[PDB]
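Scroll down for the structure; my scribbles are underneath it.
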Amino acid sequence: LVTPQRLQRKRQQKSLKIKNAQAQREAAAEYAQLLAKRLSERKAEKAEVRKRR
Amino acid sequence: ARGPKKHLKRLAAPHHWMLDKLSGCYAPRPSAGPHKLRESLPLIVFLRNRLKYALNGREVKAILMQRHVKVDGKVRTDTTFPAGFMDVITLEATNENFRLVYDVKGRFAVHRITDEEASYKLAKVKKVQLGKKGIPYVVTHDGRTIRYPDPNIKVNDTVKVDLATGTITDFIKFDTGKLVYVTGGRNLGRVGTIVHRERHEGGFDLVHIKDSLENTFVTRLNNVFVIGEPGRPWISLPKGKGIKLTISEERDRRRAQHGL
Amino acid sequence: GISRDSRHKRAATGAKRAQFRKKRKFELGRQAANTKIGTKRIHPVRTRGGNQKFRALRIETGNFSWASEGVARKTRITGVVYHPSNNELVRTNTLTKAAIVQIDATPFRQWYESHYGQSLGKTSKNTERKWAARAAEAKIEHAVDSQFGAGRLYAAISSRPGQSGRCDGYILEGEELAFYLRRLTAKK
Amino acid sequence: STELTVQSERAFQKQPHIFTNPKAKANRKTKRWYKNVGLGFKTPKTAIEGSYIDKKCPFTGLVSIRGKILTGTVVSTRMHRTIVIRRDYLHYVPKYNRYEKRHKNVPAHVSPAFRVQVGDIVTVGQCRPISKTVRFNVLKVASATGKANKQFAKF
RNA sequence: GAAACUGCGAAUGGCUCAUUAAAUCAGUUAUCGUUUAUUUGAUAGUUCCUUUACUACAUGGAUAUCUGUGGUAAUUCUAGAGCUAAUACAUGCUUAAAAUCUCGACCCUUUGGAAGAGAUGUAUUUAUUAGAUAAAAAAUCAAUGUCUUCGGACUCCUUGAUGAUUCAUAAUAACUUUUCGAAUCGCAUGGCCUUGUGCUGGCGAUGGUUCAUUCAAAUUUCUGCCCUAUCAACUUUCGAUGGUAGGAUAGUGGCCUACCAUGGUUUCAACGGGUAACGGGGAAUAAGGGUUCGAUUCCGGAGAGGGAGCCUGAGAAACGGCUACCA
RNA sequence: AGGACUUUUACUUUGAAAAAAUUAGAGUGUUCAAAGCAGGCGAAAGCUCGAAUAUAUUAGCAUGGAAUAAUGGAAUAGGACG
Ligand SMILES: [Mg+2]
Ligand SMILES: [Mg+2]
Ligand SMILES: [Mg+2]
Ligand SMILES: [Mg+2]
Ligand SMILES: [Mg+2]
Ligand SMILES: [Mg+2]
Ligand SMILES: [Mg+2]
Ligand SMILES: [Mg+2]
Ligand SMILES: [Mg+2]
Ligand SMILES: [Mg+2]
Ligand SMILES: [Mg+2]
Ligand SMILES: [Mg+2]
Ligand SMILES: [Mg+2]
Ligand SMILES: [Mg+2]
Ligand SMILES: [Mg+2]
Ligand SMILES: [Mg+2]
Ligand SMILES: [Mg+2]
Ligand SMILES: [Mg+2]
Ligand SMILES: [Mg+2]
């Protein structure tokens, strides 16, 4: 039977799924930016090694 | 036996639960959980025996059921939960917080440790792998699977889980000259500094450890848990700091520090 | 009841081992699939730890891959012509892994025609420019063209119909095909 | 004891899932896959450019070397693609404080990359169960001859 | 809150030592050779397929319990009839964007470059590719890419782990009698006012794919067993040792099949026979060395009268589970 | 921390390992003891030290030593270095 509590559960499930997906994509973006920063740092280090040598 | 075994006779329980060889035929078998049962510690043992807050099984059941035990920020209402090494046990009653660290005799000693640092936990990295969709992840000794770790975190390393969000806060890189703890064998509870780590191509790494008293031993790498930098441990080490005083030195401690 | 334990075998020395224990369930072996051709009939079997296995007796069509340009197509198996283990399976048309079968070969044919259009056996400007960029690089070897004119391709199955339930494999091509023709010419 | 034909049997002999593209015009010999078993063990050049197949090759086959490393002496090289190694040792009887010469016969699987004969001391390594009795793969022929390196005498 | 359906355990525990002499077992390894309910930590938009016509404010039918009629001498024997439910059995819906692949209504003379259209979650199976890495410069033809401040420069290329991998993982083409992707429960029921049953909304409980972790389970390396030669050769047509391919296995493996090779153990005692032999931790005994015992309080193994066979499950060849033979 | 070659052992020192119970053995007035892993001390107003150690003589792993015991180099130089 259709009950406001059942609709509440359905809405909660949908919202939890959407929020979890958003959080996962945000974490992926943050990890990508961290990788880019580390890559820039070690590329600068490699350039300095090439220049000094 | 055809299938899993679900009973632990009292003599077969580890000598670190260090129960009474009489007054019972069986011993609490730890349920499946974050730690090996040989290395873990059931909550019933920690409360009934170590703390004496309870008296027997029913009292421990009543304690756990009403949600006063909090293992690493979670309730864990099962009697034989394997609260293992470096886990945090919180009792809002008596507002007390414990962290399980071996005392140098090699046993899960009762370590009353402050609320402020009880927020976080330490962990050893046991695996670093790449799960589905190319997502890096790290498996600690608790079995915690931390997703998206720092790119230069390697195996055998140590990490500082915030224990609230359950994400990575800081980490310590394994290398020589570093404060370290031991979690197996004769050197249980010992704390020292890594002097050398001989590789031994083909398996079973070994590390040499020198403690503050300038004593030296050697232990397996699986057996090793980096705990911080010398002079600056990242946690509150228990009483004695794991120096492993000699039996004669322990006798001298009993004689000297003595007031009745 | 078919056991695969080492106890019933004699020792390396040759002594006859006495029976140590009656054979267990984690040592069982099941009946051979000995699959056939026609009227797809796959039977599920519940093995250890769930993990449905699929017996693929009486299988007619399956996926087949071409390694050179690397394209896979669903196509019909039409009989088995060679088996490296037992020719009795060939005579009984039993289809197991590594068996050598014939292929209807049409889907590869009009894929080639819509991909290069070389009219084996003997438009929009975009497609024409794609073909020009290809620049007749489709110089695939002569024997596969010979059986393309024949119409039946020579494929070697690589999936295990006994376990997987599928019927996947790859066309003999390159020196591979050569070798097997020699063996087939030995049969011929 | 090795056939001249690179495949002699009914089934074709290929290294599984390494494919040489005939449509390409490089026209090298083939695409031969290989690996190093580690432990500072040098892969033989006869395996690096060889044309054998040997599914159970530690250097070219699927089998991996892990576990025990045993040094012994060849006692039987005259059963196909496999070796029988005599390992000698001394068992210590303590009631007499005396030792006792003893020997065990370890079967193993020597790759065609190695040329073995009766009497060569051999370093062998553990692997998966290959046959009913062989569990070791020959990893090094230390003494190719031992005392037959110099044979003739012409002053 | 009976009963019954559902779920879970019943494979733990307890007992005995009959079988078993490289068998079990002990110490020590390995699984880059596999399955793993549960516990713990994470984990998924795509179920649309041409989306300009659908139940998602909730899809269908049975079915026990029960109401009544019986049968048999009886058994935890149950046939017929009548309703009835689900986290039982079946179906099935949303739902974004993005990017990547593929196929083109055209133009304008090349550096060709573009309207636009379909597919892509995961799961399975098969092919192929990436998964790098000892170190400074070139010329050159062949192909042809960016910018051109029309000389030509190409400077930038990202790559984890182990000792090792075809590993982890990613990518392309496809495949599937198409697995999963919450139609499930409890408490509290707050906030927004778009003031309506409207929009949202917390703490849990069960589930649920995958990957880990744990309880494990299977195999597995080296070495170790009592007496006996009045047991010296043993094994292979019926697998004995190895090769290859296949089948089966959860997985390696003569584990089984097909075709080959004729091999494997042995005076360092193999093979056979005996054990009033389960192995061990241990017990008695005690100058030292030892001798005897260990069915039994712990760890392993095996068995449920002797034998075989099997359903259910994650786990049984279970026996206070079934099938058959023998007693 | 990397390529490079590693004569191989037997032997012996040290260490990691050899589950608990058992044996040994430390502390402890179970009234003593067999035992047990307990207990002790406050003013009585919660404060406490414990639950020690060793051995297993085999097999495996690491490690220092190089006497004793064995094997191997260069005799056709196909030997070693640049
Ligand atoms: Mg039992
Ligand atoms: Mg016997
Ligand atoms: Mg590849
Ligand atoms: Mg893979
Ligand atoms: Mg095979
Ligand atoms: Mg006995
Ligand atoms: Mg008996
Ligand atoms: Mg016994
Ligand atoms: Mg008896
Ligand atoms: Mg028992
Ligand atoms: Mg049984
Ligand atoms: Mg009876
Ligand atoms: Mg079950
Ligand atoms: Mg039975
Ligand atoms: Mg009974
Ligand atoms: Mg029973
Ligand atoms: Mg029954
Ligand atoms: Mg002991
Ligand atoms: Mg005593």
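Within each chain, counting starts at residue 1; across the structure tokens, chains are named A, B, ... in the order shown, with ligands numbered 1 upward in that order.
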*Expected answer as a VMD selection string: residues within 9 Å of ligand 5, only C-alpha atoms (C1' of nucleotides) and all ligand atoms*: chain E and resid 244 to 246 253
*Would you kindly return, as a PyMOL selection string, each protein, DNA or RNA residue with an atom no farther than 9 Å from any atom of range 260-277 of chain E, considering only C-alpha atoms (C1' of nucleotides) and excluding same-chain residues fewer than 5 positions away?*
(chain C and resi 12-15) or (chain D and resi 9+78-80+100-103) or (chain E and resi 21+226-229+231-235+240-244)
*asked:* When DSSP is applied to the backbone of this structure, which of range 20-161 of chain C are assigned helix (DSSP H, G or I)? Write them out as a VMD selection string.
replied: chain C and resid 87 to 91 106 to 115 125 to 134 142 to 150
_Exercise answer, 10 Å around ligand 16 with only C-alpha atoms (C1' of nucleotides) and all ligand atoms, as a list in words_ =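 Protein and nucleic-acid residues within 10 Å of ligand 16: residues 10, 11, 12, 13, 14, 15, 304, 318, 319 and 320 of chain E.
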*Could you please extract the residues within 8 Å of ligand 7, counting only C-alpha atoms (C1' of nucleotides) and all ligand atoms, and hand them back as a list in words?*
residues 17, 18, 19, 277 and 278 of chain E
Save the residues we just selected, N, CA and C atoms (P, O5', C5', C4', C3', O3' and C1' of nucleotides), as a PDB file, in the first residue's frame?
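What ended up in part39.pdb:
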ATOM      1  P     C E  17      38.983 -45.951  22.582  1.00  0.00           P
ATOM      2  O5'   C E  17      39.598 -46.104  21.124  1.00  0.00           O
ATOM      3  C5'   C E  17      39.256 -47.220  20.313  1.00  0.00           C
ATOM      4  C4'   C E  17      39.865 -47.122  18.940  1.00  0.00           C
ATOM      5  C3'   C E  17      41.387 -47.209  18.901  1.00  0.00           C
ATOM      6  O3'   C E  17      41.791 -47.929  17.741  1.00  0.00           O
ATOM      7  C1'   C E  17      40.680 -45.161  17.947  1.00  0.00           C
ATOM      8  P     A E  18      41.673 -49.531  17.724  1.00  0.00           P
ATOM      9  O5'   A E  18      40.291 -49.797  16.985  1.00  0.00           O
ATOM     10  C5'   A E  18      39.913 -51.106  16.598  1.00  0.00           C
ATOM     11  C4'   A E  18      39.352 -51.119  15.202  1.00  0.00           C
ATOM     12  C3'   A E  18      40.333 -50.783  14.092  1.00  0.00           C
ATOM     13  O3'   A E  18      41.131 -51.886  13.707  1.00  0.00           O
ATOM     14  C1'   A E  18      38.387 -49.498  13.809  1.00  0.00           C
ATOM     15  P     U E  19      42.657 -51.660  13.261  1.00  0.00           P
ATOM     16  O5'   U E  19      42.534 -51.011  11.813  1.00  0.00           O
ATOM     17  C5'   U E  19      41.800 -51.667  10.792  1.00  0.00           C
ATOM     18  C4'   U E  19      41.524 -50.753   9.625  1.00  0.00           C
ATOM     19  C3'   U E  19      42.738 -50.146   8.950  1.00  0.00           C
ATOM     20  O3'   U E  19      43.389 -51.046   8.074  1.00  0.00           O
ATOM     21  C1'   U E  19      41.095 -48.480   9.261  1.00  0.00           C
ATOM     22  P     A E 277      50.049 -52.721  20.025  1.00  0.00           P
ATOM     23  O5'   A E 277      49.077 -51.626  19.400  1.00  0.00           O
ATOM     24  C5'   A E 277      49.088 -51.366  18.006  1.00  0.00           C
ATOM     25  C4'   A E 277      49.438 -49.931  17.710  1.00  0.00           C
ATOM     26  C3'   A E 277      48.306 -49.068  17.180  1.00  0.00           C
ATOM     27  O3'   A E 277      47.462 -48.572  18.202  1.00  0.00           O
ATOM     28  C1'   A E 277      50.202 -48.780  15.817  1.00  0.00           C
ATOM     29  P     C E 278      45.868 -48.594  18.013  1.00  0.00           P
ATOM     30  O5'   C E 278      45.545 -47.193  17.332  1.00  0.00           O
ATOM     31  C5'   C E 278      46.297 -46.039  17.662  1.00  0.00           C
ATOM     32  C4'   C E 278      46.708 -45.278  16.427  1.00  0.00           C
ATOM     33  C3'   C E 278      47.694 -44.144  16.649  1.00  0.00           C
ATOM     34  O3'   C E 278      49.035 -44.595  16.700  1.00  0.00           O
ATOM     35  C1'   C E 278      45.899 -43.368  15.334  1.00  0.00           C
TER      36        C E 278
END
*For ligand 3, collect every residue having any atom at a distance of at most 9 Å from a ligand atom (counting only C-alpha atoms (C1' of nucleotides) and all ligand atoms); output as JSON, numbers by chain.*
{"D": [17, 18], "E": [128, 129, 130, 131, 166]}
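Distance-wise, CA of residue 23 in chain B and CA of residue 60 in chain B end up 17.4 Å apart.
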